[PDB]
There are 4 protein chains.
Amino acid sequence: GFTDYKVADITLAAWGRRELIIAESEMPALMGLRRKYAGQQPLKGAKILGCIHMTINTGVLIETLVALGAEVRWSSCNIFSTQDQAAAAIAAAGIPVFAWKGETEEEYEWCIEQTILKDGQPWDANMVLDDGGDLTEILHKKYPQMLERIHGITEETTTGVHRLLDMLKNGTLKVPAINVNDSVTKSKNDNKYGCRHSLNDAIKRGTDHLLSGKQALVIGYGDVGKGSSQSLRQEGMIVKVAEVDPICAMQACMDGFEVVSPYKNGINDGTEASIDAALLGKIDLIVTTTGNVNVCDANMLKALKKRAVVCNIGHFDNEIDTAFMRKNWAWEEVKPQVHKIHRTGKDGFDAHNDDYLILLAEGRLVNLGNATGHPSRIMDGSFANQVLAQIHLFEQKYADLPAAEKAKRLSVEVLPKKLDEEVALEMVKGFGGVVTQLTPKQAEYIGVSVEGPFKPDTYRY
Amino acid sequence: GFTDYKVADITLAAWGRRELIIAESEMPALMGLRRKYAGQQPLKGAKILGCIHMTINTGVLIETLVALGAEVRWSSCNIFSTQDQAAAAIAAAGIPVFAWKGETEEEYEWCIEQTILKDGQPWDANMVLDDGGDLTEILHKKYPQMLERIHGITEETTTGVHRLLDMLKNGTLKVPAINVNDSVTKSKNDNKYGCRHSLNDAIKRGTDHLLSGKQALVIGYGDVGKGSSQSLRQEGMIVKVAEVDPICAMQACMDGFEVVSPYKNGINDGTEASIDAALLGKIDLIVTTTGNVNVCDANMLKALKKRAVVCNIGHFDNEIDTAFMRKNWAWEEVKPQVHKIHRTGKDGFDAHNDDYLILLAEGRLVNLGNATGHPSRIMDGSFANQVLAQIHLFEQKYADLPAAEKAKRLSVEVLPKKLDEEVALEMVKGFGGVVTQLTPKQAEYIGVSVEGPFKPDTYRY
Amino acid sequence: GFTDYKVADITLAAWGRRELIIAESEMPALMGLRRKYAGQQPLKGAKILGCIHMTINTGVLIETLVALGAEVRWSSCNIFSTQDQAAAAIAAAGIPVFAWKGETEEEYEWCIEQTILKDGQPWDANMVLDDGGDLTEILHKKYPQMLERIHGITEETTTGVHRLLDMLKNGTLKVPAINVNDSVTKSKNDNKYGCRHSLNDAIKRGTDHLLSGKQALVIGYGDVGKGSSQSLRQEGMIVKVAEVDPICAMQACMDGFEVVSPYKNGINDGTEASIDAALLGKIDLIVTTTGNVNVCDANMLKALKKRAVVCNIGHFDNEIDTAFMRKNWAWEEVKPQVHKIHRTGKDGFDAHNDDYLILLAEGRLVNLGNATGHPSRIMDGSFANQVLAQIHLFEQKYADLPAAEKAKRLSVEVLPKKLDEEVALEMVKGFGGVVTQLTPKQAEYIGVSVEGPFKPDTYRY
Amino acid sequence: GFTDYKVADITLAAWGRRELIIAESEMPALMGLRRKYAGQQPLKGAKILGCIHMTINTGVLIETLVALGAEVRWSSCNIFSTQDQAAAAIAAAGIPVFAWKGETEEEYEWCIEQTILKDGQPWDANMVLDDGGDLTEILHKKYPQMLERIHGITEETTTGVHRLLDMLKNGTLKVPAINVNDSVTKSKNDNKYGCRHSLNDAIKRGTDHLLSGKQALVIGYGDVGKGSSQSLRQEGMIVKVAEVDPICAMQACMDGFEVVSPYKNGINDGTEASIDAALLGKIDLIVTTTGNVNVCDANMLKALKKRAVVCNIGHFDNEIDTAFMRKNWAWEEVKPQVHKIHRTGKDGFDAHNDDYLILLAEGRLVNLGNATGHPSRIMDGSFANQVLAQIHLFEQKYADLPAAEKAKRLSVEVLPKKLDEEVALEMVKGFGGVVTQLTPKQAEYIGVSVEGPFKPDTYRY
Ligand SMILES: NC(=O)c1ccc[n+]([C@@H]2O[C@H](COP(=O)([O-])OP(=O)(O)OC[C@H]3O[C@@H](n4cnc5c(N)ncnc54)[C@H](O)[C@@H]3O)[C@@H](O)[C@H]2O)c1
Ligand SMILES: NC(=O)c1ccc[n+]([C@@H]2O[C@H](COP(=O)([O-])OP(=O)(O)OC[C@H]3O[C@@H](n4cnc5c(N)ncnc54)[C@H](O)[C@@H]3O)[C@@H](O)[C@H]2O)c1
Ligand SMILES: NC(=O)c1ccc[n+]([C@@H]2O[C@H](COP(=O)([O-])OP(=O)(O)OC[C@H]3O[C@@H](n4cnc5c(N)ncnc54)[C@H](O)[C@@H]3O)[C@@H](O)[C@H]2O)c1
Ligand SMILES: NC(=O)c1ccc[n+]([C@@H]2O[C@H](COP(=O)([O-])OP(=O)(O)OC[C@H]3O[C@@H](n4cnc5c(N)ncnc54)[C@H](O)[C@@H]3O)[C@@H](O)[C@H]2O)c1
Ligand SMILES: [K+]
């Protein structure tokens, strides 16, 4: 009588387990950490509140933390990102999970609240694993007494890290954090390479549109923007890129993209007159990658080519003005996480209207909403960093320090480069790669240990 | 009656000037600095010792320094890198230059000495611009009294910066330096993007070999390694990548390369038995990108496929064991900077022998040796950074500081990110790119100025 | 009272209709033919037996034939290729269709028989539209009297055309045929470009495996082999190609692939000793593209790397020896159209066994089995040719000709180049492409009409 | 005392011979024919007039014909395409050659006349090997008595074949011809793959412009158009394609290019009003690939972006209206085969004028004019077909046939597919490729011999 969960359908558990057993074989860094730390049980006594996309790959992360001695209570950090078979398999292993694909916002907040509370009172949580900072925000705003007993937060994504750095600048951050996002084996692998794989995947599963010879506009050329632009270009899309960062824009130019603005002269003065109508009238696909607000705005959405696809692969749906479309336009569901938005008016639509946009995942993370997110062998890097981060903060035991000692340890840090390299080495062995060992003369010549680290902390890769 | 120069042929000057006038139109960041700072003359009184490849692009750099008020004495930092028409055009403008393509080592040292000495006595130099640290080493070892009057060094390349950091660690660095290499508008565009353009260029000019469907082995996957691997892959080469750094190896895997070692299990124990002879017997082309020593060693060269091409695009020729080849094997010149190395023995060779390797530029920087180096629009980024760096150190006037104040300013620094972004923006405008301006609400949301900088100094791009 | 159909679930009709209304906007050549021929009703009196994948795109073909005056009875030409929502939408429009995803072989033959028979007696069919020749074979073997009244066959695919040309060579072909496969707007668009899109799509939806930096072996480098190889290479797979045709092999080399054989020196003498076990032990994915038999044989399947993916994108499953695997090895269903094949024995498997292959769609057409086949904008070209072919043969009225006149018209022909060009132009306009008009002087200079055709019938494109 | 030649510089012979010895190692199909036919001397008594680019690769073809028993008299078919070291090496072997880089039109005609006449009277020629039909035209118009004793013409290129088929249609063709162009091992390898290698090579050697992130317009998308578009796209150019042929335009769309016309709605009426000035004002590089006349016309040249590069890789310079530019605009030589065309007027120019175009090779074949043409390993396929063609027509002995027998053999034919496959196999072995042998059951299943041919003559590859 394990009942401490809520999932779409517990009978998907056997299916979820089959996919976890496959995913294991694609995740050598994560499975390496299981084998290495199994005996030592470095997370014995850890009580982890987890808020991250309840996928099969997140399942292998959860079962790694549990194998190392942790107990967890889990939710998803997105309403559309759960794989119901993954959620079912985790619940079936006797692990509290509150996640299903297609939550309401009310259900999303309820799921996070079910991790935080056990039998209607605060859980004895002492660790937080977060992706986007929604759980971190609720603990700070609603459960400050719970943070007194928490040793730290391990934050997955750019948007979550920004929110931590704001709290730290404001003196409101209550416990230390590891920025998992800025391990090279996370930010390069997941933020960039993962989006090369999963963006075109999500747009095919959502639309089945030919992308070859069609026109895309990618907003942003950070790690997600670079991966997303490549995802489309490798399918033969004509990709244009927008940026606010001239260094990122210069990279897009050198990578073979045309750098354009949705605005005449790049000036976003909020007028319809500012919109480059000729440019947006040629676009078949717009993708937002920024982590910023309203980068695909009402006037852009009015100007887009009839039957353009619109999607967001940044963390939050507010990249796109979906509030404007809900207010002004009629939404026809094609199938789950695919809507035609009829720009003819609010009150009904003609079934044969030609004047619509296709919105994926209601503007939520499209790679998780309309596909399965990044493949296991990429999520291996991210999640091995999460396990190492959890071990590091748990072992430091911030909550048990005196006030004077807390003041010295209250920071947002990254993992050491040596760990980043050890994750990378396990990932390279999963491709059958063979890394060359430096001779002592070579190691002396470039001024590094034969064991590494191989690069100064300033190296960009 | 200007005689204070030595070049291959002064009669090439008019041709050099025609190419400078074209190169100017490709270099908007550099030409922007001319237009911005012409009036202010920020380098009035600067006396710059320059040691960097005497190309047409280096011509535009020199004439920008001179336009902003500097006097210079110039040499090349490589025996094969000079474009004799560029050297001629600079000499003909009355600028002391000592450079020609195909110097001896004795002539190379003589050319640097001719910049350092004017009329048989040390020049009143107060600035150094170096690429690889050869001029910096000579000043420190042979002319220490000259360093008392020098305000700083602006160093171009990975290898030069390593040598500076060794001097700083040892307390032997006598003047402050700017690491120009680690501006993003240098390291990304020059070290990576430039090698995508110029590596396959140099191999075509040197060999005219079909690259499509042939096997390459690229040693290293730093910025040069990445740009080099792409240069060959985009021609349809089957590229294998060797690495000591598991993070760089992981990037090569994710980029779609097989990661291999020249040694069995990556162990370089110095025996012929350690060589993967099966692997090296399949390789048509080997490129060294490391800035390390002996990464293509004698035992690798013995095992390479008959008639493989061998080249280096790292700073120094000692990446390849050319000394072994000179000692043991017979060199046939095909044409300038192309040798067949006959592995039949050290004396004669038969013109029809099938057992040879093709060496490019005698193992020197192949893109400058067998072609013209990076295109103007790439060198624009590097050289705009060099001008800003020269202005910054010259204006700081280190040599004039009191002893106590010197101690505080003796460092190896990079340029501020705002200047990096300003160079990037001028490069983007040269592609006709339009950068979007943040609204005040967007800038607040991501926590930056509308004017930038847009990223923290920890951002990797 | 319409009951003359069998589909998985009639309640999927509305969803199918929403997808048909979208697919119409992607299919300008097909929807152009509707608009052009609607008034003339050129297929009034046509009674078409259709046997082709019951997808949404096939829906737009069926409704185009019906819009031009035809009546049809439909089946799928593959047990896994049906989209149940497409089948439902067609049945709901009152069109007899006998198709669902995941038919047995017994159900497959029953569905074709339900098109051929209406109320237990032969339908008054006078046209055949076939894909692979299964319906054509049944009519010739079992219903020869029905062929007396049939005007022609329009055959979609390479394998079907081969079977027709065998019948013609043997004098057993009873009615004339159009080879739709060898229109350029079919063979290029569908056989090549379509597989660039749909192969990587099907492998992602089936496995979610990272393809980047993994090793593939593509068997064949015809049109499907070329499009398949590109599908994997553009994801950053290391693709090796097998071929029997040295001209196709030369194209694979020049395209940047290594050409290998599963057999030592290419000799398939049927011994285990002949297998290149070193090569097949490195392969992560094998794809069959040949239309030939047993090109991924028992001994190859034994030698494949543990946990390799195995799939077929040729017409028939017998490219792979799946009969050997059913006989010898235990099948674990992961999810629909995905099996683990446990090489440890027949009568059970360890749930944690590491020694398995992943088979997609039981060796059936993977792009249709594990995804949705080619996108609408590609299937537009194929299906526009099918409509024109149906019109041409129906209007020729072979079945009504005298015996002497029949003898002259009994042939397998292609559509004229002018019609091929008119399809191409409609497809170009769907990308917003603008085709240049020849001047009279230019048309004279290259010896063509300003209206085309632009190339002789020998031109290969 | 051999004096029966004219070359730039006989002293370049040793250098030419060194390059021939290297080129031979890259040309296994050609060197295979030497080894196979050496004993049999199948061209003993052949007297071949040769008109084709006097490159190193042409040198290997010449010396193959001579090795098989032929005598030759050679000229280049282009004023800029000779490699003077190749010409020197051939003259030094005692082979009559009349070729240098940078001929006048008057010199070009003189060189062809020196092959046709020996000691002021017609040579005893009995074979023609032509590339573009200039030698074929002169023999027909000026030396009809010579054609009486000639057994055939072997024609290299699209333009030459068009001219032959015009003579055949008009009944003016005097001797049979083999169309070498339409061997798959010529048209795919040379026309398409070769231009991927040599177009970007010629543009880098000529201009050293960065192509990444810059805009290209390619006129035509036949074999040369396809290879040229890829050449630029693989460098990261934004490539727009123009076509008259909707099937070729459809291919460019599917390959990921935007298809545009220099003319509004594709209509040229020869008004300035018809020019898309907005489009041509954005183009950095225009390349003509058509074999047509005036496809880059006066009004296009007026509208091109300032400092755009203009070049032609079709056979004849009349693709570009260079006559207009010679009449109206001032030509400043940058260096050999590179001009700035000053659009300010005819008389002088300002050295610092910004309103110029860069023209390569005065609009002659850019890959041969500004580089070396295709690499040896590609020219191997073309030239092996030339040798087989020469053997076939020489052995048929047309000139010796009775009039009735001539009438039956007067055609323009291709080589049999079996020979095309045998050339391909030798090229595949040069990449180390291993071609699979069909089993007897597989050969039965697809209806081919185990020895081939593998495809019907209608197959497009
Ligand atoms: N979907 C995924 O799987 C996935 C994975 C990683 C991260 N993310 C999320 O995606 C977002 C992007 O992450 P990142 O790592 O690429 O961040 P990043 O900071 O590296 O990149 C964001 C880029 O957006 C640009 N930008 C900002 N405002 C803009 C504007 N108005 N118009 C144009 N460009 C603008 C910035 O200049 C910057 O280069 C975040 O919300 C992150 O948390 C998603
Ligand atoms: N040719 C050019 O135009 C050009 C341009 C920029 C810099 N450079 C020179 O190229 C070199 C590389 O510069 P970079 O910026 O790429 O440096 P980097 O430090 O970014 O890259 C060097 C890489 O080599 C790898 N490496 C070291 N020893 C190795 C070994 N034994 N086997 C395999 N890999 C090994 C390191 O792990 C590292 O990733 C330097 O010498 C630099 O000065 C040349
Ligand atoms: N999945 C789809 O969407 C789709 C679309 C079009 C056609 N098809 C089917 O795909 C198959 C291939 O069609 P195609 O048009 O590419 O045919 P094709 O004849 O152009 O190509 C088949 C190739 O297989 C090669 N080959 C044959 N036996 C081989 C062997 N034993 N080993 C290696 N290579 C071998 C041949 O030399 C040939 O080049 C057919 O069965 C066709 O009906 C499927
Ligand atoms: N430079 C080289 O190395 C090389 C090699 C082979 C052939 N060639 C020459 O290059 C030319 C092209 O040969 P090919 O085999 O590609 O011929 P092709 O017939 O395959 O292609 C030429 C294309 O030009 C298009 N075209 C014609 N007029 C046009 C116009 N006004 N605007 C746009 N497109 C137009 C045609 O539709 C056609 O598709 C010929 O002159 C040929 O002899 C050059
Ligand atoms: K020697």
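Residue numbers start from 1 in every chain, and the chains themselves are labelled A, B, ... in the order their sequence lines are given, proteins ahead of strands. Whatever order the structure lists ligands and atoms in, that order sets their numbers, starting from 1.
- Nearest heavy-atom pair, D:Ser187 versus D:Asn181, reported as atom, atom and distance to 0.1 Å: CB-O, 3.1 Å.
- Ranking protein heavy atoms by distance to atom 2 (C) of ligand 1, first place goes to A:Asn367 ND2, 3.5 Å.
- Proximity to A:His374 (heavy-atom distance under 4.0 Å) selects the following atoms of ligand 1: 3 (O).
- Close contacts between ligand 4 and D:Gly220 involve ligand atoms 33 (C), 34 (N) [criterion: under 4.0 Å to a heavy atom].
- Which parts of ligand 2 touch B:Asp245 is read off a 4.0 Å heavy-atom cut-off, strictly below it: atoms 37 (O).
- Scanning the protein heavy atoms around atom 16 (O) of ligand 2, the nearest turns out to be B:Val224 N, 2.8 Å.
- To the nearest 0.5 Å, atoms NZ (B:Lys186) and NZ (B:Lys192) are separated by 14.0 Å.
- Closest to atom 34 (N) of ligand 1 by heavy atom, among A:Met379, A:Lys226, A:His162, A:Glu243, is A:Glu243.
- Of the options D:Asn312, D:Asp317, D:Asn294, a side-chain hydrogen bond (donor to acceptor under 3.5 Å, both in side chains) to D:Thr288 is made by D:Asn312 and by none of the others.
- Distance CD1/D:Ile219 to OG/D:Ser229: 10.0 Å, rounded to 0.5 Å.
- Atom 35 (C) of ligand 2 has its closest protein heavy atom at B:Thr290 CG2, 3.4 Å.
- Residue B:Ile313 comes nearest to B:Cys195 through the heavy atom pair CD1-SG, 3.8 Å, listed as atom of the first residue, atom of the second, then distance.
- Listed by number with element, the atoms of ligand 1 under 4.0 Å from a non-hydrogen atom of A:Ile219 are 32 (N), 33 (C).
- Under the 3.5 Å distance criterion, the side-chain polar atoms of A:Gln442 are matched with a main-chain donor or acceptor of B:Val293.
- Nearest heavy atoms, D:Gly369 versus D:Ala361: CA-CB, 4.2 Å.
- Among protein heavy atoms, the minimum distance from atom 20 (O) of ligand 1 is reached at B:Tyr459 OH, 2.4 Å.
- Here the shortest heavy-atom distance to atom 43 (O) of ligand 1, taken over A:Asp131, A:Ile247, A:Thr157, A:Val295, belongs to A:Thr157.
- Taking a cut-off of under 4.0 Å to the non-hydrogen atoms of A:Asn292, the atoms of ligand 1 that pass are 27 (C), 28 (N).
- Given atom 41 (O) of ligand 1, the protein heavy atom at minimum distance is A:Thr159 OG1, 2.6 Å.
- In terms of N/O distances under 3.5 Å, ligand 1 is approached by A:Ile313.
- Between the OG1 atom in B:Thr439 and the CD atom in B:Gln437 there is a gap of 10.5 Å [rounded to 0.5 Å].
- In plain terms, the two heavy atoms of A:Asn370 and A:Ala202 that are nearest each other are CB-O, 3.7 Å.
- Summary of contacts: the protein heavy atom closest to atom 12 (C) of ligand 2 is B:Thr289 O, 3.0 Å.
- In this structure, the separation between OG on D:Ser81 and CG on D:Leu365 is 7.5 Å, given to the nearest 0.5 Å.
- Considering only non-hydrogen protein atoms, atom 5 (C) of ligand 2 sits nearest to B:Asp190 OD1, 3.6 Å.
- For atom 21 (O) of ligand 2, the closest heavy atom belonging to the protein is B:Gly222 CA, 3.3 Å.
- Between B:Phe454 and A:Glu243, every side-chain heavy-atom pair lies at or beyond the 4.5 Å cut-off.
- Remark: ligand 1 atoms within the under-4.0 Å shell around heavy atoms of A:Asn191 are 6 (C), 7 (C), 15 (O).
- Of all atoms in ligand 1, listed by their number and element, those nearer than 4.0 Å to a heavy atom of A:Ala242 are 33 (C), 34 (N).
- Ligand 2 lies nowhere less than 4.0 angstrom from a heavy atom belonging to B:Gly194.
- Nearest protein neighbour of atom 10 (O) of ligand 1, counting heavy atoms only, is A:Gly314 CA, 3.3 Å.
- Every N/O-N/O distance between C:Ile446 and ligand 4 stays at or above 3.5 Å.
- Atom 19 (O) of ligand 1 has its nearest heavy-atom neighbour, among A:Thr158, A:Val293, B:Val435, in A:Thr158.
- At the top of the distance list for atom 9 (C) of ligand 1, counting protein heavy atoms only, stands A:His315 N, 3.7 Å.
- Annotation: B:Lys186 places no N or O atom under 3.5 Å from an N or O atom of ligand 2; distance criterion only.
- Proximity to B:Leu365 (heavy-atom distance under 4.0 Å) selects the following atoms of ligand 2: 1 (N), 2 (C), 44 (C).
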_Please determine whether side-chain hydrogen bond (donor to acceptor under 3.5 Å, both in side chains) holds for the pair B:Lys226 and B:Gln251, giving the CA-CA distance in whole Å, both sets of side-chain angles, and the decisive distance to 0.1 Å._
CA-CA 9 Å; B:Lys226 290 177 175 67; B:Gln251 299 182 280; 2.9 Å; yes

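- Remark: ligand 1 atoms within the under-4.0 Å shell around heavy atoms of B:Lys455 are 36 (C), 37 (O), 38 (C), 39 (O).
- Listed by number with element, the atoms of ligand 1 under 4.0 angstrom from any heavy atom of A:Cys248 are 39 (O).
- Atoms of ligand 4 lying under 4.0 Å from at least one heavy atom of D:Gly291, given by number and element, are 11 (C), 40 (C), 41 (O).
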_Test log, rule side-chain hydrogen bond (donor to acceptor under 3.5 Å, both in side chains), inputs B:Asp245 and A:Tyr459_ = CA-CA 12 Å; B:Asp245 181 337; A:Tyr459 192 74; over 6 Å; no

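- Looking at B:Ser382 and B:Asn189, their side chains come closer than 4.5 Å, going by heavy atoms from C-beta outward.
- Of the N and O atoms on the side chains of D:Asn57 and D:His374, not one donor lies less than 3.5 Å from an acceptor on the other residue.
- Of all heavy-atom pairs between B:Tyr445 and A:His162, the closest is O-CE1, 3.3 Å.
- In terms of heavy-atom proximity, B:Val161 sits nearest to B:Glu155 at N-CG, 3.5 Å.
- Close contacts of ligand 1 with A:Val244, meaning ligand atoms under 4.0 Å from a residue heavy atom, involve 26 (N), 27 (C), 28 (N), 29 (C), 30 (C), 31 (N), 32 (N), 33 (C), 34 (N), 35 (C), 37 (O).
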